[PDB]
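Chains as they are written, first to last, in the authors' numbering: chain q, 11 to 137; chain Z, 1 to 25; chain 2, 2 to 98; chain 4, 5 to 67; chain b, 2 to 92; chain O, 9 to 105; chain e, 20 to 231; chain EE, 52 to 253. All C-beta atoms, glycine included, are put in the ideal place defined by N, C-alpha and C. Each remark here refers to the structure printed beneath this line.
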Amino acid sequence: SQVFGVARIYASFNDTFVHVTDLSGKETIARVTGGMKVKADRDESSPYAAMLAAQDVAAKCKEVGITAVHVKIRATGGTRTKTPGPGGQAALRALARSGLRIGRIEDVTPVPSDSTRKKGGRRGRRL
Amino acid sequence: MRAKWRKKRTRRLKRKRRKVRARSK
Amino acid sequence: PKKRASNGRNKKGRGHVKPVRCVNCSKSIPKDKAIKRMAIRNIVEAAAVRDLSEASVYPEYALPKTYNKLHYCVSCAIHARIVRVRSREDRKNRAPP
Amino acid sequence: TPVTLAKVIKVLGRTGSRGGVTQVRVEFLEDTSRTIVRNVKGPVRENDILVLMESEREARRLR
Amino acid sequence: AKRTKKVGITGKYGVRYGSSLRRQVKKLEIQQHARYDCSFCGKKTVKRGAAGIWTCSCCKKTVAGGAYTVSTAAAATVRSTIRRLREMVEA
Amino acid sequence: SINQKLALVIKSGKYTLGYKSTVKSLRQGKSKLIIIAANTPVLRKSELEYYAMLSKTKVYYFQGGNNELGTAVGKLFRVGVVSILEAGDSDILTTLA
Amino acid sequence: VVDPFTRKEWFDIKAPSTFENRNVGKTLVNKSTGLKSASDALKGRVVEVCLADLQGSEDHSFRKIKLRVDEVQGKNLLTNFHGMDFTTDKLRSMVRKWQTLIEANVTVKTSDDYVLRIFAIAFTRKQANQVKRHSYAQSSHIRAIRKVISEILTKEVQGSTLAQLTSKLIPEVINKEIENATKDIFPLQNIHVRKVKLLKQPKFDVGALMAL
Amino acid sequence: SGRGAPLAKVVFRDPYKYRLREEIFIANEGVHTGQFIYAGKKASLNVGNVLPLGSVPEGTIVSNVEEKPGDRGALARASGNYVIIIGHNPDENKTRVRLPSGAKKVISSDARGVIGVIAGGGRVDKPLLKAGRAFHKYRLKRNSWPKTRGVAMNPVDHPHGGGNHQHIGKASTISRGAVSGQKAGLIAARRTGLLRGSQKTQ
RNA sequence: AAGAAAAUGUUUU
RNA sequence: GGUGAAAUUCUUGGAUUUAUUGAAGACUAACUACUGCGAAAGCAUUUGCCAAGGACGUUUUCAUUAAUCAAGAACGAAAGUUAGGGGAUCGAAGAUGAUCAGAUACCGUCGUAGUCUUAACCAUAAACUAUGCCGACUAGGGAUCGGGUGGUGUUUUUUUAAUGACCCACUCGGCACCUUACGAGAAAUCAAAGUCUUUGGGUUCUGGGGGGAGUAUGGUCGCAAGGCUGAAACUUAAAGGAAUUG
Ligand SMILES: [K+]
Ligand SMILES: [K+]
Ligand SMILES: [K+]
Ligand SMILES: [Mg+2]
Ligand SMILES: [Mg+2]
Ligand SMILES: [Mg+2]
Ligand SMILES: [Mg+2]
Ligand SMILES: [Mg+2]
Ligand SMILES: [Mg+2]
Ligand SMILES: [Mg+2]
Ligand SMILES: [Mg+2]
Ligand SMILES: [Mg+2]
Ligand SMILES: [Mg+2]
Ligand SMILES: [Mg+2]
Ligand SMILES: [Mg+2]
Ligand SMILES: [Mg+2]
Ligand SMILES: [Mg+2]
Ligand SMILES: [Mg+2]
Ligand SMILES: [Mg+2]
Ligand SMILES: [Mg+2]
Ligand SMILES: [Mg+2]
Ligand SMILES: [Mg+2]
Ligand SMILES: [Zn+2]
Ligand SMILES: [Zn+2]
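In C-alpha cells:
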C-alpha cells in the first residue's frame with residue numbers, strides 16, 4: 011500500500027548526506043547535504059543543517075511519489091571513525107517528522123574484517 | 001641534549017672523522 | 002619508579018601483543034594497553050524514539066541498536082575523560098563503577 | 005514563520021561557559037503529550053511559556 | 002681448498018667491471034648455470050640452452066622458462082592466477 | 009596414511025620396484041596392488057592401468073612423484089611404480105579408496 | 020531545469036516466486052526511447068528486502084534477501100534469488116565476549132548449476148548449571164564443529180536447487196540440523212546461517228526463471 | 052636470433068586438407084615440448100592456449116595479443132611481458148586491457164591471445180658488463196651500436212656538435228613539430244630530470 | 001563528540 | 001573534502017553520494033581475556049600435508065647420562081642494505097597549504113624510499129619483568145589454562161550405558177592475581193627483591209663517583225649504515241635513587 015525508497019543517511023563529521031533512492035539504489039531521488047543547506051564551512055556537520063537537508067529530501071521525495079523510506083545509516087567507516095556523525099540523528103528525526111514513513115533502520119557503516127593501515131602514523135595526530 | 005640525538009651527532013662526527021682521515025694518507 | 006605494579010598495560014607471559022589504532026587520534030597502542038569501551042547505543046535515541054515509532058510503518062518495530070568497540074590511547078582517554086587520573090591507592094582498583 | 009509556544013515543566017540547570025543559559029524541558033501547549041529540551045537566555049522558572057521559532061531541535065549542553 | 006673468498010664464478014672477470022656489477026652477474030650466472038629438477042622425469046637434469054629454454058638431459062623434454070631461472074616469481078603468480086580463474090570458470 | 013602402510017609392507021610383506029618387474033608381476037597375475045607415482049608419464053600410466061584391468065588388479069595413485077615414492081618405499085632411488093606382491097601384516101590392500 | 024522525474028516510469032518488482040508475497044515494492048527507470056531502453060537500464064538491479072517484509076512475520080527481521088531483476092514483463096520486474104545476509108545489528112548482538120565464535124563457510128554447487136558460498140555461524144554457551152563465567156571451546160571442538168557444519172551445508176546443497184535451498188533457508192531447518200549434529204560436541208547457543216553468496220549463475224534460462 | 056623470448060613451433064592439423072600446418076608462436080613460459088596447445092573460443096583456460104579476449108575471465112594474463120581480430124599477435128611479445136584483461140563490454144563487444152607499458156587499451160573481444168607470460172623474463176636484469184656483449188647483442192638485431200654522442204661531433208654532423216667545450220648549447224627538449232634533422236635529444240618531453248614522484252597519472 | 005594563540009627572565013647572597 | 005577555524009585540492013569533461021560488477025595488494029576487526037603457545041624476537045581466516053613441543057598419565061625403559069657455562073655457534077622486532085617481484089594502503093625524504101615573529105615543525109593535501117614477498121645481508125631496541133639459570137624450604141585465598149583421578153551429581157539420546165559440556169572435591173604443571181607480611185629493603189615495594197653482619201646449595205655474566213666516551217686507537221665482522229671489543233690525557237663535587245612538605 012506504500013511506496014518505498016531508501017534513505018541512505020551518511021553522517022560523517024564535516025558533513026551529512028541524506029540520499030533517498032529507489033528500493034534498488036540505482037535511481038536516486040533528492041540527495042541533499044548540510045553543505046548545501048548552510049554556508050559556514052564549519053557547520054556542514056551541524057544537526058540543524060542535517061535537519062534542513064532531511065526536510066528538503068522529504069519534500070522532494072513526497073513530490074516524486076515516495077511515501078516511506080527504509081533507513082540505512084552509516085558513518086565514514088572504513089578505517090576512520092565507525093561513529094555516526096552529529097547529523098545522522100537529526101536527519102533521521104527530521105525524515106520521521108516531515109511526514110515520511112520510516113522502516114527497517116539498519117547501520118550499514120563499512121566495517122573492515124580487517125583494515126589497511128589507518129591514516130595518521132603510529133604516533134597519531136599530535137595536537 | 002636528548003641522548004638519541006647525542007648518539008646521532010656522535011655518529012655524524014665519527015663518519016666525518018673517518019672521511020677526513022681517509023682523505024689524509 | 003614503577004608506577005603500576007603489573008604495568009600500564011595487561012601483558013604477562015606474551016612479550017608482544019599486536020597494536021591497534023586509537024579511534025580519536027590514530028596513535029598505535031598495544032591492544033592489551035588500549036582503553037577499550039563498548040558503545041551499545043540504540044540506533045536512534047535523539048529524544049525521538051517516539052517520533053520514529055509514530056512515523057514507522059510497522060507495529061512494534063523493535064528498533065535496533067548500534068554496537069561499536071572504541072579503542073583509546075592513554076593520552077586520548079585521559080584528555081577525553083574516558084579514564085581519570087586517580088590517587089595512588091585508587092589506582093589499584095580494577096573494578097568498574 | 006509558524007508560531008508555537010511551550011510551557012516549562014522542569015528547570016534542568018545552568019549551562020554555557022559563563023552560566024548564562026538555562027536548560028528547560030518544555031511541554032508543547034498544543035499536543036501537550038510532547039516535550040522537548042530547550043536553551044533559554046533569560047531567567048526562567050517553572051510554568052513559564054516560551055515561544056519557539058523552530059519546534060524540533062533537542063538542545064544539547066553548551067560546553 | 003677454497004680458491005676464492007667471495008668472487009666465486011666471477012673470478013674469471015678479474016678486477017674489471019666493478020664489484021657490484023660482478024656481484025649481480027655472479028648471482029644471475031650461478032642461477033642460470035645451476036641444474037634443476039625435471040618436473041616430468043624427477044631428475045636434477047634440467048639445464049639452460051639459450052635464454053628462456055630449459056632442456057632435460059634425460060627424457061629430452063624442454064620447457065620455456067625465465068632467462069636465468071627455470072621459473073620466475075611472475076611465472077608462479079601467473080600460473081596461480083590462471084588456475085584460480087580456470088577453476089572458477091569450470092565450477 | 010599411505011606412508012605407514014607402505015613402510016610396514018616393506019618391512020614385513022613382499023614388493024617389487026620398477027616398471028619392468030611391475031609389468032612382469034601383472035602379467036603373471038601375482039600382484040595385489042600397484043602404486044603409480046604422480047610424475048609417471050601418462051602413456052606408462054595408461055599401459056599400467058590396462059595391465060591392471062586385464063589382471064583384475066587394484067591401482068593406487070601416489071600423491072608424490074618418483075622421488076617421493078622412493079622415499080616412501082624406503083629406498084634412496086626414484087621409484088616410478090610399486091607392485092605389492094604380499095601385504096604381510098599390513099592393511100594396505102583393504103584400506104583403499 | 021530538467022526535472023528528470025517526468026521521464027521516469029514506475030515498475031512493480033514482482034520479486035519472489037515462492038517466498039511469501041510477490042510484491043516487494045516499485046522502482047523507477049527512465050522511459051524507453053530510441054537509443055536507450057528501460058529494460059536495458061533495469062534487469063541488473065538488485066533490490067535488498069527484509070525477509071520479515073517478504074514473509075509477513077517479524078521473526079525474520081534479520082536475514083535480508085537480495086533479489087536481482089532478471090526479466091521484464093510489462094511493468095513487472097521478475098527477479099530471482101540473489102543472496103541473503105543477516106543485518107549488522109543482529110550480527111553484532113550475537114557476537115559477545117566470554118564465548119567462542121565459530122564460523123564456517125563452504126563453496127558448493129546447487130543441483131542444477133548454481134555456485135554458492137554459505138557462511139554459517141555459531142556461538143558457544145554456558146550450561147544451565149554452569150558456574151564458570153566464560154564457556155569457551157577447546158578449538159578441537161571448534162575444528163570438529165566446523166567440520167560437521169561444512170558437511171551439513173555441503174549436503175543440504177547439491178540435493179537442492181536454488182529454489183529448494185531458498186525454501187529451506189526460511190524455516191531454518193539447517194540451523195536445527197546443526198544443533199542436533201553438534202549438541203554432542205559443545206552447546207552452541209546461537210547457530211545461524213548468516214550469509215548466502217551467489218558466486219556464479221548458469222545460462223539465463225528464462226524458462227527456469229518462469230517459476231512464478 | 053635477435054629475440055629474447057624463445058619461440059614455440061606448434062603443429063596443427065589442416066582442417067580442410069590432409070597435411071600439417073606448423074606455426075611459430077612465441078613460447079609462453081611453462082610451455083613444454085609435447086604439450087597440447089588449444090586455440091579457439093572453446094579452448095580451456097590453460098597456459099599456452101590461444102583464446103579470444105572476450106572468452107577469458109577478468110584479470111586473465113595473456114600474451115601475443117592481437118590489436119585487431121586476425122592480425123596474429125601484436126601486443127606483449129617481448130620476453131617477460133603480458134597483457135591483463137581488465138574488463139568486457141559484451142554490447143559493442145570490446146575488452147579493456149592493461150598493456151605492458153601500463154596503457155589502457157580497448158580491443159575487439161574477438162582478438163586472440165595466449166594464456167600466460169612470455170618466456171625469457173628477467174633477461175634485462177643481468178648487466179651486459181662488456182662492450183663485446185653489447186656488440187654481439189646488436190650484431191643480430193641491427194646496426195645501432197655503438198652510438199656516438201652528438202656533443203662529440205662537429206656542427207655539420209649534429210645539432211649538438213661544435214663548441215670549445217662539449218655542451219648542447221640550447222635546450223635538448225625538442226618540439227613535436229620539429230623537422231627531420233632537428234629531432235635530436237628529448238622529443239616533446241613533458242618533463243626532464245630525475246623522476247621523482249608517482250607514475251600512471253589518472 | 002572535540003575545540004586557536006602563549007617565547008623569554010643576568011651573577012652571588 | 002579537510003580543520004579548532006581555514007587553505008592547498010577535486011567538481012556541470014558530473015565531483016561527493018548511490019547502484020552494479022571487476023581487479024590489485026595488504027591485512028586477519030568483532031569473538032580477544034590480568035587467556036594460550038614458543039628459547040627469545042614473536043605468533044590470531046579455513047583446510048591439507050610435513051616434521052616438532054610442553055604438561056599430564058604410566059607398577060615402561062636406561063641408570064648419573066647432570067647444573068651453569070669462557071671460546072665457539074643457531075635464532076634474533078623495527079629500520080636499513082643488494083637484486084628481482086609486487087607496489088592497494090599508510091608513508092622518513094620532497095612538494096606544497098595553513099599557523100607563526102620565524103615554523104622547508106606540530107595540523108591538512110599529495111607523495112619517493114619503505115611498508116609485502118623471494119634470495120642473500122645486517123645483529124641492533126625501554127630485545128623489559130629495567131629482576132640470570134638450576135635446586136631446596138618458608139604464609140593464607142580464590143579464580144583460570146592443560147592433563148589426570150573420584151562422585152548416589154545435572155544435562156545432552158542410543159537401547160541398557162558411554163564419550164561431550166557442565167557441577168562438586170582433589171591433584172600435577174603454567175600465565176597471573178588478592179590479603180598479610182614471620183622476612184627483605186633506602187624506600188617505592190617484594191612470596192621473591194625472603195630463608196644475608198645469626199653473612200657459605202651450585203654456577204655464568206656485569207658494576208666500582210659524574211664527564212671525557214661507547215670517543216680515540218688497534219683488531220675483527222659487514223656492500224654500507226654500522227656491530228663487537230675498547231682506553232687515556234684532561235676535567236669535576238657532586239651526578240644520582242626513593243620518599244616528604246611546599
Ligand atoms: K655544441
Ligand atoms: K659572588
Ligand atoms: K608504494
Ligand atoms: Mg565542507
Ligand atoms: Mg595535548
Ligand atoms: Mg615519573
Ligand atoms: Mg618486546
Ligand atoms: Mg648508451
Ligand atoms: Mg657514446
Ligand atoms: Mg672534434
Ligand atoms: Mg638547436
Ligand atoms: Mg646545424
Ligand atoms: Mg674541443
Ligand atoms: Mg632565572
Ligand atoms: Mg557519480
Ligand atoms: Mg578473525
Ligand atoms: Mg584461546
Ligand atoms: Mg659468549
Ligand atoms: Mg625491510
Ligand atoms: Mg644492547
Ligand atoms: Mg669511574
Ligand atoms: Mg625523584
Ligand atoms: Zn589517541
Ligand atoms: Zn626430464
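For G12 (chain b), three-class secondary structure by DSSP = Stepping through the fifth sequence from its first residue, residue 12 (chain b) is reached at position 11. Correct three-state label for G12 (chain b): helix.
At a cut-off of 7 Å, is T46 (chain b) close to ligand 24 when judged by its beta-carbon and the heavy atoms of the ligand?
-> As a first step, residue 46 (chain b) is located in the fifth sequence; it is residue number 45 there, counting from the start. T46 (chain b): yes, Cβ under 7 Å from ligand 24.
Can we say the stretch 191-208 of chain e touches the stretch 118-138 of chain EE, given the rule of at least three CB pairs closer than 8 Å?
-> no
If you measure from the CB of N215 (chain EE), is any heavy atom of ligand 10 nearer than 7 Å?
-> The residue you call residue 215 (chain EE) lines up with position 164 of the eighth sequence. No.
Terminal residues of the beta strand (DSSP E) in which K14 (chain 4) lies | Residue 14 (chain 4) sits at position 10 when you count from the first residue of the fourth sequence. Unbroken beta strand (DSSP E) run through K14 (chain 4): 8-19.
Counting only runs that start and end within the stretch 133-180 of chain EE, where is the beta strand (DSSP E) found for 3 or more residues in a row?
-> 134-140, 145-149, 155-159, 163-166
Own chain, CB closer than 8 Å to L218 (chain e), minus 5 neighbours either side, in chain order = Here residue 218 (chain e) refers to the residue found at position 199 when the seventh sequence is read from its first residue. Within the same chain, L218 (chain e) has close Cβ partners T126, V134, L135, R136.
Under 7 Å by beta carbon: chain EE residues contacting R80 (chain b) | Here residue 80 (chain b) refers to the residue found at position 79 when the fifth sequence is read from its first residue. Under the 7 Å cutoff, chain EE gives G81, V98.
List the DSSP bridge partners of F100 (chain e).
-> Taking the first residue of the seventh sequence as position 1, residue 100 (chain e) is located at position 81. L86 (chain e), per the DSSP bridge assignment.
Rounded separation between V65 (chain e) and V74 (chain q) - CA only | Residue mapping note: residue 65 (chain e) aligns to position 46 of the seventh sequence, counting from 1. Residue mapping note: residue 74 (chain q) aligns to position 64 of the first sequence, counting from 1. The alpha-carbon atoms of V65 (chain e) and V74 (chain q) are separated by roughly 21 Å.
What's the C-alpha gap between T52 (chain e) and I39 (chain q)?
-> In the seventh sequence, the residue the question calls residue 52 (chain e) occupies position 33. In the first sequence, the residue the question calls residue 39 (chain q) occupies position 29. Cα to Cα, the separation comes out at about 21 Å.
Chain 4 contact residues for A56 (chain 2), given Cβ-Cβ distances below 7 Å = Start at 1 with the first residue of the third sequence, and residue 56 (chain 2) comes out as number 55. Those do not exist, as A56 (chain 2) stays about 13 Å from chain 4 at its closest Cβ, beyond 7 Å.
Mind checking the stretch 28-54 of chain q against chain e and listing, in chain order, the residues whose C-beta falls within less than 8 Å of any C-beta there?
-> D32, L33, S34, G35, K36, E37, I39
With C-beta atoms as the reference, is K181 (chain EE) less than 8 Å away from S159 (chain EE)?
-> Locating residue 181 (chain EE) in the eighth sequence gives position 130, counting from the first residue. Locating residue 159 (chain EE) in the eighth sequence gives position 108, counting from the first residue. Cβ distance not < 8 Å, so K181 (chain EE) and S159 (chain EE) don't count as in contact.
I219 (chain EE), DSSP secondary structure in three states = Residue 219 (chain EE) sits at position 168 when you count from the first residue of the eighth sequence. In this structure, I219 (chain EE) counts as coil in the three-state DSSP scheme.
DSSP-derived helix/strand/coil call for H79 (chain e) | By one-based count along the seventh sequence, residue 79 (chain e) stands at place 60. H79 (chain e): helix per DSSP, three-state reduction.
Check the Cβ-Cβ distances between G43 (chain b) and every residue of chain O, and say whether any is below 8 Å.
-> Within the fifth sequence, the letter at position 42 stands for residue 43 (chain b). True, the Cβ-Cβ gap to chain O drops below 8 Å.
Quick one: using the 10 Å Cβ neighbour count with 16 as the cut-off for buried, is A80 (chain O) buried or exposed?
-> Counted from its first residue, the sixth sequence places residue 80 (chain O) at position 72. The residue in question, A80 (chain O), is buried, as its Cβ has 16 or more Cβ neighbours within 10 Å.
Across which residues does DSSP place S114 (chain EE) in a beta bridge pair?
-> One-based indexing of the eighth sequence puts residue 114 (chain EE) at position 63. Partner(s): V165 (chain EE).
Within its chain, find whatever has a CB closer than 7 Å to the CB of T24 (chain O); leave out the 5 residues flanking it on each side and keep chain order.
-> Reading the sixth sequence from its first residue, position 16 is the one you call residue 24 (chain O). Closer than 7 Å at Cβ, skipping near neighbours: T30, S33, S91, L93.
Inter-stretch contact at 8 Å, needing at least 3 Cβ pairs: the stretch 34-52 of chain q / the stretch 119-128 of chain q = no
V207 (chain EE): CB within 7 Å of a non-hydrogen atom of ligand 1 | By 1-based counting over the eighth sequence, the position of residue 207 (chain EE) is 156. No, the Cβ of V207 (chain EE) stays beyond 7 Å of every heavy atom of ligand 1.
Which residues in chain 2 sit within 8 Å of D108 (chain e), going by Cβ to Cβ distance?
-> Taking the first residue of the seventh sequence as position 1, residue 108 (chain e) is located at position 89. In chain order: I44, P65, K66, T67, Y68.
Whole angstroms is fine: what's the gap from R5 (chain 2)'s alpha carbon to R22 (chain 4)'s?
-> By 1-based counting over the third sequence, the position of residue 5 (chain 2) is 4. By 1-based counting over the fourth sequence, the position of residue 22 (chain 4) is 18. Their Cα atoms are separated by approximately 39 Å.
Of all the alpha helix (DSSP H) runs that stay within the bounds of the stretch 115-195 of chain e, which reach a length of 4 or more residues?
-> 159-175, 181-188
Taking one C-beta from the stretch 68-85 of chain EE and one from the stretch 149-158 of chain e each time, how about it: are there three or more such pairs within less than 8 Å?
-> no
Exposure label - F38 (chain e); buried when at least 16 CB within 10 Å = The sequence position of residue 38 (chain e) within the seventh sequence is 19, counting from 1. When all chains shown are included, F38 (chain e) counts as buried.
Could you tell me which residues DSSP pairs with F32 (chain 4) in its beta bridges?
-> Taking the first residue of the fourth sequence as 1, we reach residue 32 (chain 4) at position 28. Answer is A10 (chain 4), bridged to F32 (chain 4).
Excluding the 5 residues preceding and the 5 following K214 (chain e) in the sequence, name in chain order all residues of the same chain whose CB lies nearer than 6 Å to its CB.
-> Mapped onto the seventh sequence, residue 214 (chain e) falls at position 195. Closer than 6 Å at the Cβ level, and outside the excluded window around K214 (chain e), lie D104, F138.
Using the rule of at least 16 other Cβ atoms within 10 Å of the residue's Cβ for burial, across every protein chain shown, is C77 (chain 2) buried or exposed?
-> By 1-based counting over the third sequence, the position of residue 77 (chain 2) is 76. Answer is buried; the Cβ neighbour count reaches 16.
Pull out every residue of the stretch 143-173 of chain EE whose Cβ sits closer than 7 Å to any Cβ of chain b, in chain order.
-> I166, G167, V168, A170, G171, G172, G173
So with Cβ pairs under 8 Å, would you call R52 (chain O) a contact of chain b?
-> Translated into the one-based positions of the sixth sequence, residue 52 (chain O) becomes position 44. So no, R52 (chain O) is outside the interface.
Hey, how far is the Cα of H29 (chain q) from the Cα of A63 (chain 2)?
-> Mapped onto the first sequence, residue 29 (chain q) falls at position 19. Mapped onto the third sequence, residue 63 (chain 2) falls at position 62. Cα to Cα, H29 (chain q) sits roughly 24 Å from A63 (chain 2).
Should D38 (chain b) and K27 (chain b) be called a contact, given that it needs their Cβ atoms to be closer than 8 Å?
-> Position 37 of the fifth sequence, counting from 1, holds the residue named residue 38 (chain b). Position 26 of the fifth sequence, counting from 1, holds the residue named residue 27 (chain b). Going by C-beta atoms, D38 (chain b) is not nearer than 8 Å to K27 (chain b).
Would you call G81 (chain EE) buried or exposed, if buried means 16 or more other Cβ atoms sit within 10 Å of its Cβ?
-> As a first step, residue 81 (chain EE) must be located in the eighth sequence, where it is residue number 30. Looking at its Cβ environment, which holds 16 or more other Cβ atoms inside 10 Å, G81 (chain EE) is buried.
Tell me, please, whether the CB atom of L180 (chain EE) is closer than 8 Å to any CB atom in chain b?
-> Translated into positions along the eighth sequence, residue 180 (chain EE) becomes position 129. Yes, its Cβ sits closer than 8 Å to a Cβ of chain b.
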